[PDB]
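Labels below follow one simple rule: chain letters A, B, ... track the order of the sequence lines, proteins then strands, and each chain is numbered from 1.
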Amino acid sequence: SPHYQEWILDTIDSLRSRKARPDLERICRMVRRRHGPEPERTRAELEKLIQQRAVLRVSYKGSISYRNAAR
DNA sequence: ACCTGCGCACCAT
DNA sequence: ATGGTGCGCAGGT
C-alpha cells in the first residue's frame with residue numbers, strides 16, 4: 001500500500017501521544033487493528049523505513065524504541 | 001481482552 | 001537548567 005509509511009509514522013506518533021513505548025509489538029499491534037496487515041508485513045515495512053532513515057531504532061531506558069525521524 | 005490518559009522520575013544536552 | 005520519554009497504573013469500551 002502507498003500509505004504504509006504514513007500508517008507506521010502515525011502509529012509511532014499515536015503511541016508517543018498516549019505515553020506508551022513505541023516498540024515493535026505495539027507498532028505491529030496498532031497497524032493490524034487500524035488497517036489490517038499482519039505483523040510480518042509491518043515488520044518488513046518498518047525495516048524499509050529504518051534503512052531509509054525515516055524511522056530510527058534506538059535503545060532507551062533498557063529497551064528498544066522506534067522514533068519518527070521527522071520529529 | 002481491547003483501548004486511551006497521565007504524573008513525574010529519568011535521561012541526553 | 002532544558003525538553004523529550006514511558007512505567008505503572010487508572011479507567012472506559
Side-chain angles (χ1 to χ4, degrees):
Chain A
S1 152
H3 302 287
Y4 222 118
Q5 158 163 344
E6 184 204 353
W7 291 348
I8 286 169
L9 294 181
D10 282 351
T11 287
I12 294 176
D13 291 351
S14 302
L15 289 161
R16 283 293 302 113
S17 164
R18 70 163 174 93
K19 301 184 174 188
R21 177 183 295 264
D23 58 11
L24 185 60
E25 173 184 10
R26 287 189 187 92
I27 291 171
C28 290
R29 171 188 290 278
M30 189 172 277
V31 170
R32 190 178 53 201
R33 182 197 140 90
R34 279 180 174 196
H35 308 114
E38 291 306 302
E40 169 169 43
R41 245 195 90 185
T42 294
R43 287 197 287 267
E45 292 295 323
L46 181 60
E47 190 145 292
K48 292 185 190 143
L49 294 182
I50 299 173
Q51 298 295 328
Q52 306 169 197
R53 317 264 176 154
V55 172
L56 279 36
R57 176 181 182 276
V58 305
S59 173
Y60 186 70
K61 293 188 175 159
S63 297
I64 292 293
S65 302
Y66 292 92
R67 303 271 182 248
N68 185 343
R71 295 221 155 289

> By sign alone, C1'-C2'-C3'-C4' of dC9(C) puts its sugar north or south?
Replying inline: north

> How would you list, by chain and number, every residue that makes a side chain to side chain donor-acceptor pair (under 3.5 Å) with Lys61(A), sequence neighbours excluded?
Replying inline: none

>> With the threshold set at under 4.0 Å for non-hydrogen atoms, list the residues of residues 6-21 of chain A touching DNA chain C in residue-number order.
In response: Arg16(A), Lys19(A), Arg21(A)

> If each of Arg34(A) and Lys61(A) is mapped to the nucleotide of DNA chain B with the nearest heavy atom, which maps nearer the 5' terminus, i.e. the 5' end?
Replying inline: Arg34(A)

Please table the atom pairs, donor to acceptor, closer than 3.5 Å between any side-chain atom in residues 21-29 of chain A and protein atoms at least two apart or in another chain.
unit_1	atom_1	unit_2	atom_2	d
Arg21(A)	NH1	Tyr60(A)	O	3.0
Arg21(A)	NH1	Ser63(A)	O	3.1
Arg21(A)	NH1	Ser65(A)	OG	2.7
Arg21(A)	NH2	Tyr60(A)	O	3.0
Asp23(A)	OD1	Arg26(A)	N	3.0
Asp23(A)	OD2	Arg26(A)	NH1	3.3
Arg26(A)	NH1	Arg21(A)	O	3.1

> What distance do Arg32(A) atom CZ and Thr11(A) atom OG1 have between them, rounded to the nearest 0.5 Å?
Replying inline: 12.5 Å

Please list, one pair per line, the donor and acceptor atoms closer than 3.5 Å that link side chains of residues 33-54 of chain A to other protein atoms, with sequence neighbours excluded.
unit_1	atom_1	unit_2	atom_2	d
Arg34(A)	NH2	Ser14(A)	OG	3.0
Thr42(A)	OG1	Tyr4(A)	OH	2.6
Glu45(A)	OE2	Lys48(A)	NZ	3.2

> Does anyone know the first and last nucleotide of DNA chain B in reach of chain A, 5' to 3', at under 4.0 angstrom to a heavy atom?
Replying inline: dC2(B) to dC11(B)

>> Need two values: the first and the last nucleotide of DNA chain C, 5' to 3', having an atom under 4.0 Å from any heavy-atom of chain A.
In response: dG4(C) to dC7(C)

